[PDB]
Structure formats: C-alpha cells, structure tokens
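Quick notes on the structure that follows.
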Protein chains: 4
Amino acid sequence: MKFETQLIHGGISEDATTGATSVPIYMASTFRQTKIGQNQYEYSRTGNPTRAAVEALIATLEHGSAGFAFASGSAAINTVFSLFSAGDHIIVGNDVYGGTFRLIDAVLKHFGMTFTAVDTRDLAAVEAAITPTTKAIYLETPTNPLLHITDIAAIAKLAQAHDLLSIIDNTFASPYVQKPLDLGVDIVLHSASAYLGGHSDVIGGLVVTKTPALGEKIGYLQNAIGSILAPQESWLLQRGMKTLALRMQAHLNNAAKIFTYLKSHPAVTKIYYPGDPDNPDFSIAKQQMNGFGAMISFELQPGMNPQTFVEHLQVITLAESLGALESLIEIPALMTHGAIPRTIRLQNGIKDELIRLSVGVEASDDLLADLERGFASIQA
Amino acid sequence: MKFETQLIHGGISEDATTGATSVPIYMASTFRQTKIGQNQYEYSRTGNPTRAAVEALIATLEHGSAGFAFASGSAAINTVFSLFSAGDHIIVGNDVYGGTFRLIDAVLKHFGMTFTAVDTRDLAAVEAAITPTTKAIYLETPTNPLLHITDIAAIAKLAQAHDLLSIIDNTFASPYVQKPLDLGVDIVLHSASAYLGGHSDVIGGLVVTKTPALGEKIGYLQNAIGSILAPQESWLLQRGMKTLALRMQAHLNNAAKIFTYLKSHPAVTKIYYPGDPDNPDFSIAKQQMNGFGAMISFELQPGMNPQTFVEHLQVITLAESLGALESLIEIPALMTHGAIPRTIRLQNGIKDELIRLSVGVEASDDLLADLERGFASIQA
Amino acid sequence: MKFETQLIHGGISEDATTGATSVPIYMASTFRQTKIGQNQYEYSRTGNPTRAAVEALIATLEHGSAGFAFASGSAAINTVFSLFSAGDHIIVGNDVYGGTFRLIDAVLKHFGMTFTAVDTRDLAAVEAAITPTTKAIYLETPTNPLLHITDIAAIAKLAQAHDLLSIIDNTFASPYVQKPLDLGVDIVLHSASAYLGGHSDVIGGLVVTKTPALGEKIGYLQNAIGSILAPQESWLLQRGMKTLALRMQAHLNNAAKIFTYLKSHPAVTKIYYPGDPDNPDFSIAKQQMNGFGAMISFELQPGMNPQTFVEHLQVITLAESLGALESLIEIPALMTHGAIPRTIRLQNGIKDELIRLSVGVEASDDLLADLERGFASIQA
Amino acid sequence: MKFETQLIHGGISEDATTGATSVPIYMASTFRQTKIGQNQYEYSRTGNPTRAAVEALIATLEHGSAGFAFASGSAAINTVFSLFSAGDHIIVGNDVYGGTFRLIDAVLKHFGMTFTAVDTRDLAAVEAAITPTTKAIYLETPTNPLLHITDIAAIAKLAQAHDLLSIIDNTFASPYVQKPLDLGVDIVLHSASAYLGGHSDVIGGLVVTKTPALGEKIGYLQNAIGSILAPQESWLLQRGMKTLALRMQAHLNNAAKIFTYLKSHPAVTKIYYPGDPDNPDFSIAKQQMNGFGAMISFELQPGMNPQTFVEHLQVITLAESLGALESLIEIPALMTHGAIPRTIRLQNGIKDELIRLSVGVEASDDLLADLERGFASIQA
Ligand SMILES: Cc1ncc(COP(=O)(O)O)c(/C=N/[C@@H](CCSC[C@H](N)C(=O)O)C(=O)O)c1O
Ligand SMILES: Cc1ncc(COP(=O)(O)O)c(/C=N/[C@@H](CCSC[C@H](N)C(=O)O)C(=O)O)c1O
Ligand SMILES: Cc1ncc(COP(=O)(O)O)c(/C=N/[C@@H](CCSC[C@H](N)C(=O)O)C(=O)O)c1O
Ligand SMILES: Cc1ncc(COP(=O)(O)O)c(/C=N/[C@@H](CCSC[C@H](N)C(=O)O)C(=O)O)c1O
C-alpha cells in the first residue's frame, strides 16, 4: 500500500489464529515439537513469532528482503562485521558514531581486520582507498554528529564495480527519509533506539538485507552469535514503529524551524544541517532524502560556554541518544564521541564546543523559547 | 548470609528510594544529566538499574566480583572470546554445546583464533595442548550432552601455571551446584536460559569475573559490542533466580529417581549421569558438585527407535533447551548438536541414538509413569 | 507548555533520582517502610510511581486536579457510580455505549439506583427529568455510536443550578478535542482503550476530577474497590499518550476525507458525523470541539447488506473497539450494542443496518480504495 | 495428575499452534473477525488467551469449574458481592481483612446491602444470624490477622440447608493448603497478590466457582464491570503460580520453626498460629488444612514496643502484603487494619500491640537470628 499504511499493517502485524490486532509477546524460550524438524519454531533465540514480526516490518519498510533484530545497534553492527575474516580490509567513513569507531579500533582490528577512514563525499578518495583485500564500504549518512551527506547510489555503484559490499548506517534518516537498498546497497542497519522505537524506551538494532543469499548469512550469524532483540522489546519497537510517519513529520518540521531560528542567531557561529543551502551537501541531500532529518549540530562563538548553554535548557533535555519524542541535546566531545581521541576528533571535524541537538516533537514555540533560555545564559 | 537467603535478598533486590520489594523495570533508553559526566547512569546499553541488579545477583551467587548480563548465552560466549585477538590459541573441551562448537568453527576461526579440542578430564592431554600462543582454556562441566565431569581446580592450577585464562561454562550445574570461581577460575559464564531463569521463558547469558581488572575488560566489551540483556528480561531472570534453590533441589531429587529408574531398565543400554557410581567421573563429581545435576543422557538398545520413544512421551516435552520447570527431552544428533558434523559427533561420543533428558520439577511418580509410556511404545 | 509539549513532558514523565527519560515500571506489590506511616508509597494498589505518573498526565491534559487510572473504562465508570447510594436518581443520555447501558440495568439498579434516559441535546428534556432524589447527570458526547453532540457547558450550568454532579464520558473526543472540565463539569472519564492508548493494545480507564474534594472521593473508591490499572499497562497508556496529538490530527483529517467521500455515495442513505453541516448538532460541535472527531456512522440503502460490505473490506478491520491506529469497523446492533434490547435500540436511533467506522491513521488513499472494495461487493 | 504437576502443566500452559512453552502475552485490545459472532475472542476485557490461561489454572488447582482473574483481590471481592442487590443480607466473619471491612461499610451498605458480623467458629452464632433476607455467608480462614480457623464444610452445610451462598476467602491458605470447593462451597476467591503470585510483584485477584451456572454469573459481572487482570500481570501470576508448591513447603516449614522459636520466648505473651496445639482451632485446622499456613501473629509483653521490635529487623522487611518470598512483617493496627475503627478492632481481637509475620522462604537460621535482633532491641 502506501508507506503510512505499511507501518500500521505491514510486516506481520496481527495473529493469524486469534485475530489479535497485536503480535503476541512470545516469552517462551522453547517450543514443543510433534515430529522432529517439522516444527515451525524451535528456540526463541533462533526465532520466535514476536521478533519475527518486527523483523518482517523493518524489511518491508526498507524495501528489502529480510529483517534481523538485534539487542542494540552496536550488536547489529558487530555481527554484520562478523561476515568478514582476518585479512579483510574495510573502507569506513571519516565521521561515524564514536562507538562504531570504538568497535573497529578496540575489537575488530584484533580480528585481523584492517580499516581506512575516508570522507565518502569525495568519491575519488573512496575509489583510491580500494585495495585487493578490500571487501566492503561502511558509512553513515547523515553522519554522527556532523551530518555529512554521502551519495548513496554513487557509493553503491563503486561497490558493485569492485565486488565490494555496501553497508549504510541509516539510523539518522530512517526509512521515512532514506531507503538505501533502493539505491544499490546490500546491507542496511539501524540503531532502532533512535527514531524507529522513537519513544526513548528501547535499545535495539535492525539489519535489513536485499539479496536473499546475504539474508542467509546475516541470519546464520544472528543465531550463532545470539545478540538478538528480546520479545518484550521487539514488541515495543514494532509498537513505536507504527507512529514513525506521524512522529517523523513532526521532527522534520520542528527542525526546519530550529535551523532558521539558529541561523538568525549571531551567537551561533557554524551550523550542521543537511538542509542548509550554502552547505555543499545540500543537493545530494534533496536528491536522496525525503526531508532533511531532524538533527542539527551547531557551534557557539568561541568565548561562549556550551555546557552553560546546555545546562540551562529546561524543556530540551541533556542526555545521550537521539530520535526521541523529547528533544535531546548533547556535547559530542564530552559525551557520545569521547570514545574517539581528542586529536582524531579535532582532525575529523569535531571541536570541543560542538553541540548536537536531536530536534523532537514538542511544540515548536516551546522549543524556541527554551533555546532562548540557553542563549540568554551565555549573554546573547 | 546463607545461599538460600542470598537469592531472595542479594545482589540489588529492592529500590533504595521507594522501598519497592522489586527492582523497577527501567525501560528508559537514556538518562538526563544535571552536570555532564557526573550522572550515575547514562545510556541503557552501558548500564541501567534493572540489568545492574541482575548483574549484582549472579556475581554474589558465584562468589565473584562482577556480573555481566547478555542477550543470550551465545552472546555472552561471543563477547568473552572477544578478549582474544588473531594469533591466539585456545584449548577447548572435546564435548561442548554444539553452538559453542559452531561459534568457534564458523566465526572465531575467521578472526585468526586457533583451537584444539581436548578431553579435559585427561590433564596430560590438556597440558600437552598448551602452545606458546595459547591464551586460555575453555570447557564445560558437566558437558553438553554427555555430562563429562572435569576437574575444575585442576584445570585452574594448570591455567595459572602457564599464564592462561580459565573459562568454565557453568550452565548445567548452576551456582547452587558449582561455583567455579572458588576453585581458581578467572571467568564463569552461564546460559541463563537454563536453570537461572528456570521457567522456560527467558533467553539470556551471564558472565561473572573474579578479578576486578578482568571485570573492566568484560564490561568494556559488553558495552562496546552491546549484546546486552534487556530490562524486562533482566527483570525476569532475577525473578526466576529467586527460586533457584527450591527448584534445583526438586530437579536433583527427581533426577536421582530417574537414574535409578533408567538403570533398572534393560531397554537402556548406556547412561550418562555424574552420579552413576561405575562412571569414573563419579568421585571428582562428589568433590566439586553439590548434587549431581538434573541432566541424564541415555541410549536405548540398538534396534530401538529413540524418536518413537520420545514422540510418545506426554508429560515430558519434546523440545530443545533445558533447565526448565517442565522436563524437556531431546535427541542431540537431530537437534541441539546438529551443528556438529556427524563424523565429529560419533568421534566425540554422540551416537545418533542418544537421548538427553532435562529432569524437571513435576511429581516424580508422574514422570516415571510417563517414561514408561515411551518404553512401552518400543519394546519389539 | 503548549498542549503538544505537555504530552511529551507533562504529568510525571521521568524519574527524579536517575534521570530516566521514562517512568520505571514499578512491579513491586509492596514497599518497605523505615518508619510506619512516613513511607511515600505503601501498596501497589493504593498507588505506585508507575500508575501515579499516568494519573498525573491525564489530569494535566484534561485541565483537572487529579487523575485516576482503572483496569478498564467500564471499571472506571463502575467506581465513579459507586459515589451514589440506594435512593439516588441519575439522569443519563439516551445514546450511550451499550455497556454503560448494561452496567446500569444489570448492576446499578440492583443497588437501589434509579435512572431516566434523556436526549441531553434537548435541555428542557434534561431540566424536566430532575427529581428531588436526582444526584447527577451522566452523558457522552459524541455518543456511542450515533455521535449526538451535547452542549457540555449547558449541561454543566443545569447541574450546578440544582446541586447535581456532571459526568461526561470523553472517550470519543479525547482531551485533544474536548476538555469538559473547562466547561463546568465535575468528573471526566475515559475508556483509555480508545484514543489515549491509541495502539490497540491496552484496556484501561481514566477518571479526572476538577475539585480536590471529589478527587478525595474518587481516590478512596479507587483504592477500596481496587479496579486499578496495572503497572505495565499504565506504562503503555502513558507511552501511547505521548503521540496523541500526532495521531489525533491524522485521525481527524482522514475522517474529513471519509465523510466527504461517503456523502458522495448514493449507496449511503444516512451519515452520522459531528461535522456534517446539515446535522443540527453542527454548531455546538464547532463551538466546543477542536476537530469533529474521527468516528463516522452511516447507513446503506435498505436492500444493501452491511455484513457483506464489512466482510469485504481488507485494509479496514472488522472488530470491536475504536480509537486505534488501524481503522476498525463494526455493526453496533450485532456487536458493541447487542447488550441493548433490539426494541430499545430501534427506539433510540440504532437500526440493525447501522455501520460504525473508527477512522484510523493509514494513508487516506488506501482507505477510500478499500471502502470502494466494500461498496463494490453490494453493487454500488 | 498430581498437584505439583498441575502447577507446571495444568490450566492452559502452552500455545497450541506454535508449541510455545509459555502462554503468549496477548496485548491486543481487540481481535479481527472473519464472520461476525463466529470469532473465538473479540475484546481483551471480555477475555483473551493470556488471562484465559491463568483463569484455567486457578480453577483446576481449586477443584472448581471456572476461573476469573481480577485487577486486585479487592476488585474480585467487589464484583462477587455485585451478585447481591439492595435488600439482601450477608453474614460475614468477625475477623476479615480490613479492606473487606471497608468495602462493606463504605461501599456495599450504600447499595442497600445489610451485614452481620459473626465468629463463624461458633456455628450456632452463624445459624442464629440467618434472616429471611439473608443470601450468603462470607468468611476467611485463616482470618486476617488473627488466623481464626473456621470449619469450612460445616459452614457449607449450613449454607445449603438455607439456600445461601458460601464465599470463602482462601488467600492465606492457597489451594496447596485448602481447596474449599471440595467441602461444599460455591465461590472461592483469592488475593493473588499473596501466595499465588508469591514474588511480591503482582497485584491481582482470582475467583473460582464450582457450579457452571454461577460461573456464568461471575463471568457476566467480570466483563460488565471490567475490573479484569491485565495480560502482563495475568502472565506473571501464572508464572509465579508454577512454583507455588515449592515455595509453599518452604513457607510452611519455616513457619513451624518460627512458632516453636517464638513460643520459647517469654517476651512473647500471646501467639496466633493454626498449629498452636493449645489453640482450640488446632483440630479443625489439621482436618481441613494441608499444613498450618505460614502466617504467625504474636503479642509482646505490654511494656514492650512493637515498632521498636519491627524497625530493628533487617532481613525481615517492614511492609504491608504477605505471601511473598521475602518475610514481611507488620503491625495491623497501624497498617493493614487501620481501616477498622480502633474500638471495633479491640472489640474483635486486635490489640494495638499485635504483630503479624508473614513467614517467608529465606533460610530459617537467618530468620531466627534476625528476630533475635528485634528482641534484643526491646530486651527479652
Ligand atoms: C548512527 C548510530 N549507529 C549505531 C549506534 C549504536 O546503537 P545502540 O547500540 O546505542 O542502540 C548509534 C548510537 N547512538 C547514540 C549512542 C549513545 S552513546 C553510548 C554510551 N554513552 C557509550 O559510551 O558507549 C548516540 O549517538 O547518542 C548511532 O548513533
Ligand atoms: C552449556 C550451554 N552453553 C551455552 C548455551 C547457549 O545459550 P543460549 O544462547 O541458548 O541462551 C547453551 C544452549 N543450550 C540449549 C540450546 C538449544 S539449541 C539452539 C538452536 N536450536 C540452534 O540451532 O542454534 C540446549 O542445549 O538445549 C548451552 O547448553
Ligand atoms: C464511550 C465508551 N465508554 C466506555 C467504554 C468501556 O471502556 P472499556 O471497559 O472497553 O475499556 C467504551 C467501550 N467501547 C468499546 C467496547 C467494545 S464492546 C465490549 C464487549 N464486546 C462486551 O460485549 O462487553 C466499543 O464501543 O467498541 C466506550 O465506547
Ligand atoms: C485475605 C485478603 N483478601 C483480600 C485482600 C485484598 O487483596 P488485594 O486487593 O490487596 O490484592 C487482602 C489484602 N491483603 C494485604 C493488603 C495490604 S493493605 C491495602 C492498603 N494499605 C490500604 O490501605 O487499602 C494485607 O493484608 O497485607 C487480604 O489479606
């Protein structure tokens, strides 16, 4: 049907036998069998009706073939990279969530995997990074937290041309804004803690594969490694997913309003927003994004203290995470990207004074009034 | 106090501010902060009051220093082995759960990790397997499904003598029967889907470390990889853990009764039970095990069909998993150990006719009557 | 705060001690006490942090003083009417949900309570029904299922003039559309199974009182009778409430589109919609309702079979309940109002061919296309 | 089967279609229908697979025909008494839980219902209370908190002889100790917050009827009044019920040990325990009770302060409720029976210095050591 209708009714969204208008929460760890092998489900880790349904939904939403729900976005990333073996080289984006940076440096390189960081907006930089042992290209768009917009279909074509895998981290856009499998990508993955759960009460990850033979691989790993999303929280994700469209419009609209508002502040010295029209990413954003996202990062004038600004907001809420109905705000150097050494941070674009604002769903008037409370506290 | 009292009151078992006689279920993904860094909790993946409490409990029960709860026992094993890097060699037990076999062969060896299988009851075999790149010894006791009893304190001393790590998979015994950290081991890990949840409605894993510096390492990995146990199911584990003592006595007692009963059957050609007194493992079992477990594996006479036997039980329940209040039964070649190639299975002790019976909690009379229903369905 | 911001942040919407961006689920039945009496909470039935927060929220949303959450809307109605004693007379609306009819006839009249049904759009009819033993006026607007719009502030003034209580059942409008406490009413009550939970996975009721001395009375009854809303489902209500504004706009807009669409069908012989402009209720609706609701009832031409029409819809879903993201549809004579005798039904406006359509949130195009599938099946 | 096996496998304890070893949690509020009326379930309040299964279990356990799960024990009592109408007279026990006293005085007498309190151990007192408008006999055994043991089969025969209903509140014994439907009673009801949930994290009530025509009546009221037990907490009850036998033995045994221990204290001036052999209730207790319960009430010497005693226990926990794995303790005049006026309390047996101890499951040694801490603080 149309996309709004797929949220309500797509995936598996009911119970065949009873008519229940809500996938039951199958807490059972195991399932009895009449004949061996013939049983439809066998063990809750290998798969169960509750997580099966959330998996179904994220996949129809992403225009892919198979969904896979994981305990966290980190856990999803980890078993996706478990496709690769020692010797393999991966090209990564120069700006990714600090944890993806951490999992690579602190774990994956232990496993014989090598990495090269690349501004994947420069395709020649990407093309130049491809070695005979290179096996994949991993990137986010928009990036955490600078919101660099990368050309998905471009990177996908590069990947196919060289028998590489394309892995896009679609957390910030969500399928309402971007469906990377529709631009040639092989694997799409989400931190469903953000916009797909949307209510600030679920940690989880999602992977959606387009080919069926890579669904086999990601599934075999999901079950062999077991970092699965549990029944209650699979059920909550799917519950929060049903409002994704309604929530995401409210986010996008509010963020338009916050950007025009921050641009009109001289206290604000730089702004990161894919809808900034002097931003060179502006056109690739329009082309591949239905909306410009609801994340804005910005810098204050160098003498101005961002912690003062942030600790004096009162409707906006100082915390990590993003994609929540509540507008969260954060200083990535002191929080989500402290896992990256300060020298690499400043080298890749993340000054110590950067502020990252997950625009939320509250009434726009109350948000601007609140941001004013924070500008007022640093004398502006 | 005493162990039964630690189940009810140990770990964190209440709520400091309210008095609540039950750790609240902290579904929040993130936590607001008044001043950056100084917040007690930050992000539900990194840790939250609900999972923190289950973590506390499994650790006081295991006589260790730190607990870590994971999405599944598999997920716990995976991030424990993420301590190791390419080049490292691990000695493993010749009989481990087929999934541990699978994670090793299908994933871990991709990461440059090498393995040697060893009957860790033969300490000279173990001693002989130790190479200059060997870094750890991983084993279960009792083993899945043959219930080989290994000398924990012996393997621990071997490990310390060679600057190795000892990793014991304590799923079948549980802390009520065995506390391997008390015999010199560094890491203890559980499939909490079995006896610790005990109710057949939770998938989860637990790791407990004894040193504090290895708790730091396992924690850093728990958070960086993210295969964490979610709040609802952390809460259910801890709920099921409170009855572990009551349930485990009932299991052990029933299993004593099932063994004497199966031994008196000529249809039963071989039996695997750590309390079998002609079993050479019998004495190391008495020495290090408070009870003999509630798992029995057995073989029928070669012309007798184990699937007929199993598909004709009606109180006992044909399914995977174990440690449940309900007595589960299973054929490991056709089920939990199908992940091991048939030739390696027969080579390591697992005939195609082996039956594995998780003795449960139902009334012993009803169980023997039921097992009779299955013997009746095969004689000739 | 503006209303959209109160959904996200109003009531109690976080956890004071931790910062948790989600009221924890306090499953504890009881709370320890250091000193007797001086404990803040005491017993989960009497009140707990989880249900306390949902109670807080429905009350700030309704512009009242106290919230009270119940196990179901029926259970809320029952303990509200438990204010009254034998001898008391209540005026009720001629069109109320069949269960309110049932609770009155089958239970409340057993208790010595007397009732008079009255079209509360005719204020003289209401005024004329007031006897010396009359103690309250109970009504819904819009009514289930004919959507008769009653003048709330008019009925409120009548009530105060005669030392009566005004009880309005605000289920169909919800606080986004109507806030009856702002028009002079004493008690507002909800079937939170409808729009406040909004996700078709919560049964519950809410009562909000404006005076503080009637909050005392409703509270004393909530605890003495105990028909309370449990912690998990209190938590889900409040979770579903956060999107009420986003969801309710989508509902209202879709319903505008469905009405214009049904009006342009000659197969449709009569329509019940508070926004029908030839409907005499149209102006009192504009005056007291922010939107016209998202319920439409309609009749087909007398030879046309409504069960054929309904059993041939495929995006719309044949079931009881309403207020769900999914568009539910139903035949009140054969379903929600079978509890009213057929003769009283036809007498009060409910023909056997009436159809009631809870307009939902799915894309409007897919809904009209679907309703066409049902018109096509009866030949029009 | 045997009773221990019915806890694990009785009622509905699995899922027919999947084999799930755990009744799924059917959060759906409503159920789709293919043809009207034909649907097995239709609205979660009227009944759903999750609560249906808990209802099934409490009924097979109680040797009755129909189970009914309610939001709280209070809510169960309230809709059971909703069978009666104005004019009806009920005989009640002189010692019932203070809330049952409150619901009667503060609500039920409003409805034209009249009550007579009677020591139902004296059958002539009961016989003498029966008026032409008397319709039922309501009592608890053991009573809250004095644990008066009443002759169930005697009261049942009295009831049938006079076309009365017998309603026994079986909360303190639980079906493991007493099954009143087996002694001639019509209605059995439980506060499942106590021993049936057993884990101190569920509020709920249960009613079990023996005749099928009274199951119809209690059901019609359950649905019309709606004070139902919600899906998550229905699921938790049934989860806690599976260990009832294991937990209840531990309770009973510990309580034997606590009584002998308290009897040997001269600081303890009076003791209430159905197993006290100088207690005249001792023999009717042996005859109708499998065990003597795990509640002990006792008085200290008149100069000794019970709040000092209680506020100085540290394994035992000062709170309301009972039946929990943790040993709770309480002063009924200052807590659970403050709802009864002090003069009626002292008149019926409840001095201001009475202590009520819900013996729990913790190790007996740790409990006696703890009670010593409280005797030490007042000096024995
Ligand atoms: C694009 C992307 N992909 C993947 C992920 C990971 O997904 P999750 O495992 O959290 O669900 C994220 C996470 N994002 C959160 C993480 C908070 S920091 C974690 C903790 N403080 C720590 O120090 O480790 C954020 O930027 O605010 C992500 O933005
Ligand atoms: C000693 C030990 N350590 C660890 C684990 C893993 O713990 P979990 O991740 O399951 O919680 C187990 C598991 N045991 C279950 C697994 C069922 S098979 C899985 C599935 N059919 C598949 O084909 O993969 C069993 O033997 O019955 C284990 O016995
Ligand atoms: C304005 C109003 N107030 C109160 C309520 C009651 O609230 P709840 O207890 O359901 O949450 C409702 C209910 N409405 C549902 C009830 C379904 S019928 C019940 C069952 N089939 C039965 O035969 O009894 C409906 O019309 O579709 C209500 O519309
Ligand atoms: C034999 C019996 N039947 C029924 C019930 C009622 O069952 P529930 O509704 O609690 O589940 C009970 C309750 N018993 C608890 C109630 C705590 S007091 C309530 C509150 N403090 C208030 O002041 O009101 C107790 O004695 O400790 C009961 O002992």
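Some notes on this structure:
- Ratio of Rg to Rh over region C:52-159 (Cα coordinates, Kirkwood Rh, two decimals): 0.97
- When B:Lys35 is represented by a point 7 angstrom out along its Cα-to-C-beta vector, the spacings to that point in the other copies are 3.1, 6.9, 7.2 nm, nearest first.
- Number of partner chain Cβ atoms within 10 Å, mean per residue of C:84-94: 2
- Whole-Å distance, taken between Cα centres, linking region A:1-57 and region D:71-100: 42
- Each Cα pair of region B:244-376 feeds into the Kirkwood radius, which the Stokes-Einstein equation turns, at 20 °C and 1.002 mPa s, into a diffusion coefficient of 141 µm²/s.
- The same position D:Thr116 in the other copies lies at 3.9, 8.9, 9.7 nm from this copy, comparing label points 7 Å beyond Cα toward the beta-carbon, shortest first.
- Residue-wise HN-Hα couplings along region B:166-172, as the Karplus relation 6.51 cos²θ - 1.76 cosθ + 1.60 with θ = phi - 60° gives them from phi, are 9, 10, 10, 8, 8, 5, 6 Hz; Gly and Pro carry x.
- The mean number of partner chain beta-carbon atoms within 10 angstrom of a residue's beta-carbon across peptide B:212-223 is 1.
- Cα gyration tensor shape of region B:128-264, rounded if a/c is under 1.5, else prolate or oblate by comparing a/b with b/c: oblate
- Among B:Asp169, D:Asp370, the order by Cβ neighbours within 10 angstrom, fewest to most, reads D:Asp370, B:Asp169.
- For the pair A:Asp352 and A:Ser85, a Förster radius of 35 Å applied to the C-beta separation gives a FRET efficiency near 0.40, rounded to the nearest 0.05.
- Cα pair distances exceeding 67 angstrom across the protein assembly as shown, given as percent: 10
- Restricting region B:55-145 to GluC sites (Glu not before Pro) in coil, as DSSP defines it, with at most 13 other Cβ within 10 Å: none
- Considering helices alone, the calculated mean residue ellipticity of the protein assembly as shown at 222 nm is -9500 deg cm²/dmol, with DSSP H runs of length four and up weighted by -39500 (n - 2.57) and normalised per residue.
- DSSP-defined antiparallel bridges as percent of all bridges, the protein assembly as shown, nearest 5: 55
- Estimated vicinal HN-Hα couplings, Hz - region C:68-79 in sequence order (Karplus 6.51, -1.76, 1.60; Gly, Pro = x): 9, 9, 10, 5, 6, x, 3, 4, 5, 4, 5, 7
- Relative contact order, whole percent, for region D:245-376 stands at 30, derived from Cα pairs under 8 Å and 6 or more residues apart.
- Spacing of the two label points (7 Å from each Cα toward its C-beta) at D:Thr308 and C:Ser283, in nm: 7.8
- Take each residue in A:141-149, count the other chain C-beta atoms within 10 Å of its C-beta, and the mean is 0.
- Cα-based reach from A:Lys109 at 14 Å (exclusive), listing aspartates and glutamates while leaving out same-chain residues under 8 positions away: A:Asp88, B:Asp88
- Helix B:212-225 axis versus longest C-alpha principal axis of chain B: approximately 90°, rounded to the nearest ten.
- The orientation-averaged projection of the convex hull spanning the C-alpha atoms of chain A amounts to 19.3 square nanometres.
- Taking amide H positions as modeled 1.01 Å from N, with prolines and chain starts lacking one, the residues under 5 Å from D:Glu140 and 5 or more places away or on another chain are D:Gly93, D:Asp169.
- Beta bridges assigned by DSSP with both partners in chain C are antiparallel in approximately 55 percent of cases.
- Across identical copies of the chain, C:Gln287 has label-point separations of 5.9, 7.3, 9.3 nm, listed in ascending order, with the point defined 7 angstrom from Cα along Cα→Cβ.
- Taking amide hydrogens as placed 1.01 Å from N in the peptide plane, the amide H of D:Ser166 sits under 5 Å from those of D:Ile137, D:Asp186, D:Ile187, each at least 5 positions away in sequence or on another chain.
- Remark: region C:43-54, residue by residue, has Karplus-estimated 3J(HN,Hα) of 6, 4, 5, 5, x, 8, x, 5, 5, 4, 6, 4 Hz, where x stands for each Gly or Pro and the curve is 6.51 cos²θ - 1.76 cosθ + 1.60 at θ = phi - 60°.
- Axis proximity, chain D to B: residue whose C-beta lies nearest, plus whole-Å distance: D:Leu246, 2
- Fraction of beta bridges assigned by DSSP in region B:118-256 that are antiparallel (%, nearest 5): 40
- Between 0 and 90°, nearest 10: helix D:231-241 axis offset from chain D longest Cα axis: 50
When we count neighbours, we look across all protein chains shown, and the Cβ atoms used for this are built from the backbone with ideal geometry, even at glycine. No value in this document is a laboratory result; all are computed from the given coordinates.
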